[PDB]
Amino acid sequence: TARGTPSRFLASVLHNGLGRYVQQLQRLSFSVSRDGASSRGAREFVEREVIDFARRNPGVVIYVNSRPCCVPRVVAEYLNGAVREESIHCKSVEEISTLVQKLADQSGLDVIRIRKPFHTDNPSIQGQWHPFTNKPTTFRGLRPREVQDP
Amino acid sequence: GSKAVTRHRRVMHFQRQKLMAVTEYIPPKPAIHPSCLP
Amino acid sequence: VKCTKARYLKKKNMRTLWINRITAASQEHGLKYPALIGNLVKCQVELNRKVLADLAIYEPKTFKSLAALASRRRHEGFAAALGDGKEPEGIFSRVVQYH
Amino acid sequence: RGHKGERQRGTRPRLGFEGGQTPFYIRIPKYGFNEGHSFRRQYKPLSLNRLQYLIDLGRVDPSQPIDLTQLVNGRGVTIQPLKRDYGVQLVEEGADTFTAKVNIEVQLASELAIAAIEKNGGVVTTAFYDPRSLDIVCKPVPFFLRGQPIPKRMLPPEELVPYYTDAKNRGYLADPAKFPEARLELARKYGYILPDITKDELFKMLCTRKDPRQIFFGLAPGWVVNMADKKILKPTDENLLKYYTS
Amino acid sequence: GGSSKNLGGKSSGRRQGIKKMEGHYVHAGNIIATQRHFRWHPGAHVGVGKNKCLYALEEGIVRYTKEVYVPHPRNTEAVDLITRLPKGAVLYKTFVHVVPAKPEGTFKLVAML
RNA sequence: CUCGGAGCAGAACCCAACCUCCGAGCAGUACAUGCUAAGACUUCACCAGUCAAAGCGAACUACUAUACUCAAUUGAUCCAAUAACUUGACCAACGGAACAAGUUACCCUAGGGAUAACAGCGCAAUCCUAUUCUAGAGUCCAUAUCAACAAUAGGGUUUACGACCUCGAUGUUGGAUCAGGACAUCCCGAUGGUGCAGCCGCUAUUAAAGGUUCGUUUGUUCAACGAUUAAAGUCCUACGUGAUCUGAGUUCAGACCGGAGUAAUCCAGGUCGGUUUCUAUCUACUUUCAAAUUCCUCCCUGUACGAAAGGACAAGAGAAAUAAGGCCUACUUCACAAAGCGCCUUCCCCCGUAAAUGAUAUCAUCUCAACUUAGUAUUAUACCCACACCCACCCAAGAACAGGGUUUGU
RNA sequence: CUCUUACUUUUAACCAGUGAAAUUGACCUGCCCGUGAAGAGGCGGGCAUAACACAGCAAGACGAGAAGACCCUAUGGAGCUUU
RNA sequence: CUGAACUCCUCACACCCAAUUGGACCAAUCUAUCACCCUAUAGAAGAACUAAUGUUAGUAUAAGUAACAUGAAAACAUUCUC
RNA sequence: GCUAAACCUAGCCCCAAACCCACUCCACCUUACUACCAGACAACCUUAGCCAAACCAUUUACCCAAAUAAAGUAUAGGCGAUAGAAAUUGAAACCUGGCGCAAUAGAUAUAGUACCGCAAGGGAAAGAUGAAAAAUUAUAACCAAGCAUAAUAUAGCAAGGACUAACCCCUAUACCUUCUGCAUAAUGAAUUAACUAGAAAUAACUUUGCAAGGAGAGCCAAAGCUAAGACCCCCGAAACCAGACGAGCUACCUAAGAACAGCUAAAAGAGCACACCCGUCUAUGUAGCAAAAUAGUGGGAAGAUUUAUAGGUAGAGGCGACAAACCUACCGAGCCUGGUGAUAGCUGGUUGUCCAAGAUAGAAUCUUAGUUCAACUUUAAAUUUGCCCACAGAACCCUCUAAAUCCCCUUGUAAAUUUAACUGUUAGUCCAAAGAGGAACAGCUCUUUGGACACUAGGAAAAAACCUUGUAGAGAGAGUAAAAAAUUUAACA
Ligand SMILES: [K+]
Ligand SMILES: [K+]
Ligand SMILES: [K+]
Ligand SMILES: [K+]
Ligand SMILES: [K+]
Ligand SMILES: [K+]
Ligand SMILES: [K+]
Ligand SMILES: [K+]
Ligand SMILES: [K+]
Ligand SMILES: [K+]
Ligand SMILES: [K+]
Ligand SMILES: [K+]
Ligand SMILES: [K+]
Ligand SMILES: [K+]
Ligand SMILES: [K+]
Ligand SMILES: [K+]
Ligand SMILES: [K+]
Ligand SMILES: [K+]
Ligand SMILES: [K+]
Ligand SMILES: [Mg+2]
Ligand SMILES: [Mg+2]
Ligand SMILES: [Mg+2]
Ligand SMILES: [Mg+2]
Ligand SMILES: [Mg+2]
Ligand SMILES: [Mg+2]
Ligand SMILES: [Mg+2]
Ligand SMILES: [Mg+2]
Ligand SMILES: [Mg+2]
Ligand SMILES: [Mg+2]
Ligand SMILES: [Mg+2]
Ligand SMILES: [Mg+2]
Ligand SMILES: [Mg+2]
Ligand SMILES: [Mg+2]
Ligand SMILES: [Mg+2]
Ligand SMILES: [Mg+2]
Ligand SMILES: [Mg+2]
Ligand SMILES: [Mg+2]
Ligand SMILES: [Mg+2]
Ligand SMILES: [Mg+2]
Ligand SMILES: [Mg+2]
Ligand SMILES: [Mg+2]
Ligand SMILES: [Mg+2]
Ligand SMILES: [Mg+2]
Ligand SMILES: [Mg+2]
Ligand SMILES: [Mg+2]
Ligand SMILES: [Mg+2]
Ligand SMILES: [Mg+2]
Ligand SMILES: [Mg+2]
Ligand SMILES: [Mg+2]
Ligand SMILES: [Mg+2]
Ligand SMILES: [Mg+2]
Ligand SMILES: [Mg+2]
Ligand SMILES: [Mg+2]
Ligand SMILES: [Mg+2]
Ligand SMILES: [Mg+2]
Ligand SMILES: [Mg+2]
Ligand SMILES: [Mg+2]
Ligand SMILES: [Mg+2]
Ligand SMILES: [Mg+2]
Ligand SMILES: [Mg+2]
Ligand SMILES: [Mg+2]
Ligand SMILES: [Mg+2]
Ligand SMILES: [Mg+2]
Ligand SMILES: [Mg+2]
Ligand SMILES: [Mg+2]
Ligand SMILES: [Mg+2]
Ligand SMILES: [Mg+2]
Ligand SMILES: [Mg+2]
Ligand SMILES: [Mg+2]
Ligand SMILES: [Mg+2]
Ligand SMILES: [Mg+2]
Ligand SMILES: [Mg+2]
Ligand SMILES: [Mg+2]
Ligand SMILES: [Mg+2]
Ligand SMILES: [Mg+2]
Ligand SMILES: [Mg+2]
Ligand SMILES: [Mg+2]
Ligand SMILES: [Mg+2]
Ligand SMILES: [Mg+2]
Ligand SMILES: [Mg+2]
Ligand SMILES: [Mg+2]
Ligand SMILES: [Mg+2]
Ligand SMILES: [Mg+2]
Ligand SMILES: [Mg+2]
Ligand SMILES: [Mg+2]
Ligand SMILES: [Mg+2]
Ligand SMILES: [Mg+2]
Ligand SMILES: [Mg+2]
Ligand SMILES: [Mg+2]
Ligand SMILES: [Mg+2]
Ligand SMILES: [Mg+2]
Ligand SMILES: [Mg+2]
Ligand SMILES: [Mg+2]
Ligand SMILES: [Mg+2]
Ligand SMILES: [Mg+2]
Ligand SMILES: [Mg+2]
Ligand SMILES: [Mg+2]
Ligand SMILES: [Mg+2]
Ligand SMILES: [Mg+2]
Ligand SMILES: [Mg+2]
Ligand SMILES: [Mg+2]
Ligand SMILES: [Mg+2]
Ligand SMILES: [Mg+2]
Ligand SMILES: [Mg+2]
Ligand SMILES: [Mg+2]
């Protein structure tokens, strides 16, 4: 629940997209197994998909490591320093493709409750409301029931 | 429940109560009260 | 279960808040809430209550203009209702048609 | 399991109980539908269609006498002596298309079935087998492994003696002199000419019939078959020979 | 305390009445209606059972009509009534009929001798 | 307790109550009420039950002739009898166990708030109150007072009805203790009417601050009786209140008497006897700081009133009781002290009506007319009110803590 | 008993040592009226309301205790009696 | 004007009835063969516990509560009180 | 940071194979474990009952000598429940293994010991270093409840929405079981850990094999047959019967013992009154000192008295100055073990995730707290109408000449019937309407038509039954539905 978990405000990394868009995904580390049914879908992803995926994303360094493992995993690292580990155990090639593409599109900020679905640093152009905004002024700034020149 | 004929005035179902309210006699009102004319 | 059902109340409460805030802003200009919302619709201004509440806080000059526009349309309604059809439609009462 | 009661606790009454109302299966009066069912003789039907089918496929050989052993060995019929089966009954189904000439030994035969085989030049005989004899003749090899002398075939029960002593049924105990008249009668009734089987090349085979006390062709009661050594042992004692020949 | 003095009166409904309504197709033998007293009378091709049940004598369509009622001269009770009627007055009753649907048969060519 | 007809259930079918009515447990005539077989109906299942063309055999050319009249007029399986055919239960608890009654308070187990007794709740026949009507009663007179036949309301104290919470427990009468509340008021206050002279009464309006006794028999609440009182009110509060008490009654196990029963044992019967636990966790509460009610006596006065008899009100004075709050001089229990049986103090108000002036309505009219008096208190004032000597000691202060004193710390 | 009072001992309360039991869904555990499976600390409308011990009290928590012993039900038992 | 989980709007959709019934998945364990930082496909079974005044064990609450104990002085010799 | 947590062995289970079985000296059937004396007593004899038959009374499977098959056949039986052959047929058989348990498991077992009972009998708990303890200042840490480090600040099922912010604001009547309906002041639950509850035939269905045949003799077969997969819980009575064990308590009896001051009377089932026995009344106590006591007050106290010792009567019984007393703290008939996992139509309990369909006319019944059949409901399969309905049509007798129904093409719709296989539901509530009973009372009772509820949300104040509204997610959009209570009074000639 919201009260049982942390929250944050909607934000970006270094004002991304303002002057130019910079992909936040910086590194991908695959750990596949030469033998093992759990990694069957991950092995097929490395044969036809990983090479074409790297061509599109030249700013992401992909590290494929083939070693004995019972649970194949992809570890995504982002420019802001976030590290995310996602198991690809027994996933199909299409499933892995979808997951890897999602990681490429994310900023790396915590996937937690966002308080507001918007953010702005300049919420007011005409002046933020205050109690005197719509109050008229009086001659000599006299207060209610105030004797002047006594 | 109570029988269709009772010694007291039986409470009506609310929908019937509304029906009665909406179908009350409305007398014809003259534009000018007749006592205000010759 | 509470967290699940609270999603309904969040939307309900959010809208009660906007109406309260819009009512406050309208009263500062001598307008009641129903007059503003009703008459803005008659001007084909489809601004929702969320935006209207935000405008009241952060765009008070625009909101006074919206209040003025609603007030103008409201007065045109009265003149039309008072008239017997002789009068042409009010300048702000004309509706843009879409075919 | 539901809620409470006997359904959930597992204690509902026996099957057939109706809550105390006199149950259906009891309130119906008793009647002897099945009285003596276990003492009723049964006969596996063998149709002329099935017999013709077996002959066409080479499963039964019409060049030699056909009895229960040959029918069972060809998997033409399945006999269950423990289920009160007394043999095969030859049924008329397929008579119109039956063309084979056969010498067949059965336990029962319909009049029309007899005519179908005799019109084609064949011979049909009705032969009784008691429950022990029927078991032996159907599965000879299991019997030979018991090391018992071949038993004599018992005579029919008194109620069946009229059937098997009548030439109309081609009884094996009927007077051979009465067969010519019976064979001619069927030929007249069903509009065919009785063939003279005495002129046939297979006449000797057509006449081959086992003695009424003989279970197998060529084997006499009281012979011990030695399958391991492929020999036959014959008793020579006078008393034993009298028992097995009577 | 006290007890009720009315006993009996627990007979179940007889399930009597019309089984085949107007326009329904009936085969011969089908019961058209069951009744305790004569409410519907047997018309054309409609038999009446010992218990007054009406049944179809022919295959066809059931029809209900109103017809003039002339009793048998031997039916003393009915004849006693009609004789006491004012002249010009005719009794009517409801009758049910079966309109036969099929012909009794057809002549077919069987040989060319 | 099974079966049929009618109403409920008005018109296809169907349809319940310890609902309203009437019936059945046969009889008569046949002796083809012989055989056989399409298609259907069906008592909400099954079982059972019902109707039938054609055909065979009869009858037949007079018989509303062919499955008899009649509404129900009835009983499964097993089994028994019988050569066969066929027959056999008020098996009426009528879908029928082949054949078995009482009693338990000496009782037991499993359950039920699906179901009673106590209480609550529902309802208001019954019960209580008010008003409407104006017969009658009241010497006349309907309305001082009482009140028939009826009518319209309210109350929720009785006896009942219902069975909605509780039977892995909501302890059952009366009393003791302490009482909270309603006013439909028993006494005290203020008023209108009277068949109110006065004294006593009757009746209605207003008033719930205060008060509302002790005894004999009875377990009694009641009731009767004795003696009083200004009066000995009516009700609600789980018929207030047993984690405060009592246990005479009711209502276990023992026993006697009358009665019932063959007995066991039992009866709204009477009678003698019979174990009433709880160490308080939570809520609530533990100095509403403080205005008082009533009777009697004298006096007014033997006055007002009255034929007489009889016999007040208001003010004035005194003395008591009760209640609340204190105190120890004496008395008494007692003795550095606590106590009552002793003594001391105790203060405002009640709104129902009765009268002027005066409009609507040019009189009049106390006025949900404007208004004026009887006629009103911000209920009054009273009490309480300072504070780092405080280790220790003392104390009229106190469970602890706190509080007062130590200028009484060898 | 009217009508209670005083004193002693015990208990009591405080200090020191030792140290149980029934009970306990969770509890951040107010009052009034109303409501509701028909008698509310928990619902609706109001009012009240810093926090925390110790000592009392027994109106409530339909307080604890004993799967009601009264009553009814079960084709559940047992004792006793008998035409 | 306000006012639903009704309806519309952006995206998605198997994703709100007791008893009962149909279906799709699955934790851990063992076995076969794989796998080799904890797995796969199958075959098996003592195969899943917020509740039975459940059984056993631990520790709470009531509670530091109820309750319990040692006559006096002294040189610890002795004496005194009862 | 404490308390604790964690471990892998001890052994055990089920099979196979194999027949089995003691011994130092001394003691041991008397009061066993007691060196040493006159006796002579001697073993066998049908199980019953629970239970099933929904009661119960005849009856109700229990290795009895070869697996299989014949066969659940012949046959038996309140011919009910159920019981049940034989002739005949006829195979294999190499102990040293394990899809068994691993300290709440597996034997109860570290042991039939401790402890409990007079006895028969019942019957536990638990251990954990390392190669070395002749390395003991050695093996780090991290994990239940309970606590400590570190008490507390208005307000409330303790959370959710949130928020700059713990709280303050707004929304929200624990769970389970049981019911017509439970926040209920109905049931269970202090909490943690471990343990603790669905076993299978008949058919059918699905997927292979082969196919007029199938199957590794039996059996079935008018597309069948063979094989496989997939459906049937736990705890609890009072009881009944059999065989043992008990009279050291108590009831009564037998043998042989003991006690009873003083005073009066002197004769005593006499009086007063100690020891002693009993237990009338009150208070205290009520998890107590005590599973029947204490304090006082009482009855008897030379007798039908009280009392020590040994012995006898035993549960279909004993014993009883009958209280249905007492027979080892619980006797309307003891206790122990066994039959026994007795039985329970009765209460309680019944363990991972997700989706889907799903609410109910009646009949019979020693039956109305239950069942079986219908009805409804669910899955699969087949092929063809189902629902809505136009005219025409369906009774006289009789007082309500009722709202309606039945039948039904068209049309709008997509269901319906049949086949196959089953379960659960058969203890019902309010509202509107037509009636019956009661009192034209009941939140009353009984039928009928419809609705709602037992399922969601909004409204009527809180609110099962009234109104609005249904098909499921996200949204910091929008239009709506139902939805607020009105009223104020008497002059008169
Ligand atoms: K038969
Ligand atoms: K009966
Ligand atoms: K009533
Ligand atoms: K109760
Ligand atoms: K008395
Ligand atoms: K509390
Ligand atoms: K006036
Ligand atoms: K005193
Ligand atoms: K209390
Ligand atoms: K053990
Ligand atoms: K429960
Ligand atoms: K309640
Ligand atoms: K309840
Ligand atoms: K209870
Ligand atoms: K003895
Ligand atoms: K004691
Ligand atoms: K229960
Ligand atoms: K039952
Ligand atoms: K509404
Ligand atoms: Mg009605
Ligand atoms: Mg249950
Ligand atoms: Mg039930
Ligand atoms: Mg009737
Ligand atoms: Mg009926
Ligand atoms: Mg039927
Ligand atoms: Mg005929
Ligand atoms: Mg019956
Ligand atoms: Mg019947
Ligand atoms: Mg009987
Ligand atoms: Mg008695
Ligand atoms: Mg009981
Ligand atoms: Mg009830
Ligand atoms: Mg009552
Ligand atoms: Mg109550
Ligand atoms: Mg009333
Ligand atoms: Mg008069
Ligand atoms: Mg009352
Ligand atoms: Mg009822
Ligand atoms: Mg309880
Ligand atoms: Mg009082
Ligand atoms: Mg009054
Ligand atoms: Mg009371
Ligand atoms: Mg008490
Ligand atoms: Mg009490
Ligand atoms: Mg008493
Ligand atoms: Mg007597
Ligand atoms: Mg008494
Ligand atoms: Mg005076
Ligand atoms: Mg005047
Ligand atoms: Mg005037
Ligand atoms: Mg104390
Ligand atoms: Mg202490
Ligand atoms: Mg409890
Ligand atoms: Mg209340
Ligand atoms: Mg306290
Ligand atoms: Mg106390
Ligand atoms: Mg509570
Ligand atoms: Mg209690
Ligand atoms: Mg009980
Ligand atoms: Mg029994
Ligand atoms: Mg909205
Ligand atoms: Mg929707
Ligand atoms: Mg959807
Ligand atoms: Mg997995
Ligand atoms: Mg697996
Ligand atoms: Mg398990
Ligand atoms: Mg657990
Ligand atoms: Mg448990
Ligand atoms: Mg305490
Ligand atoms: Mg103490
Ligand atoms: Mg002491
Ligand atoms: Mg039985
Ligand atoms: Mg019985
Ligand atoms: Mg044999
Ligand atoms: Mg063990
Ligand atoms: Mg912990
Ligand atoms: Mg709140
Ligand atoms: Mg559960
Ligand atoms: Mg109930
Ligand atoms: Mg509720
Ligand atoms: Mg509860
Ligand atoms: Mg209960
Ligand atoms: Mg199974
Ligand atoms: Mg018995
Ligand atoms: Mg016995
Ligand atoms: Mg003795
Ligand atoms: Mg003696
Ligand atoms: Mg003496
Ligand atoms: Mg004496
Ligand atoms: Mg004496
Ligand atoms: Mg006595
Ligand atoms: Mg003694
Ligand atoms: Mg004695
Ligand atoms: Mg006696
Ligand atoms: Mg007695
Ligand atoms: Mg005992
Ligand atoms: Mg036993
Ligand atoms: Mg059981
Ligand atoms: Mg669904
Ligand atoms: Mg019967
Ligand atoms: Mg029933
Ligand atoms: Mg229809
Ligand atoms: Mg149609
Ligand atoms: Mg039913
Ligand atoms: Mg009702």
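Protein chains in written order, with the UniProt record's numbering: chain A, 2 to 151; chain B, 29 to 66; chain C, 51 to 149; chain D, 51 to 296; chain E, 36 to 148.
Built from N, CA and C at the ideal position, the CB exists for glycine as well.
| query | result |
| --- | --- |
| What are the boundary residues of the beta strand (DSSP E) that includes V174 (chain D)? | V173 to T176 |
| Under 8 Å between the Cβ atoms of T175 (chain D) and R220 (chain D)? | yes |
| Against residue 156 (chain C), what residues of chain A qualify as contacts under a CB-to-CB distance less than 8 Å, listed in chain order? | Because chain C in this structure spans residues 51 to 149, residue 156 (chain C) falls outside the shown range and cannot be described. |
| Applying a beta-carbon distance threshold of less than 7 Å, which residues of chain C neighbour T134 (chain A)? | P110 |
| For ligand 100, is there a heavy atom less than 7 Å away from the beta-carbon of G69 (chain D)? | no |
| Helix, strand or coil: how does DSSP classify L158 (chain D) here? | strand |
| What residue range is occupied by the uninterrupted beta strand (DSSP E) comprising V84 (chain A)? | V84 to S88 |
| Tell me the DSSP secondary structure of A38 (chain A) in three-state form. | helix |
| Going by other Cβ atoms of all chains shown within 10 Å of its Cβ, with 16 needed for buried, is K92 (chain A) buried or exposed? | buried |
| Which residues mark the beginning and the end of the beta strand (DSSP E) in which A91 (chain E) is found? | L89 to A91 |
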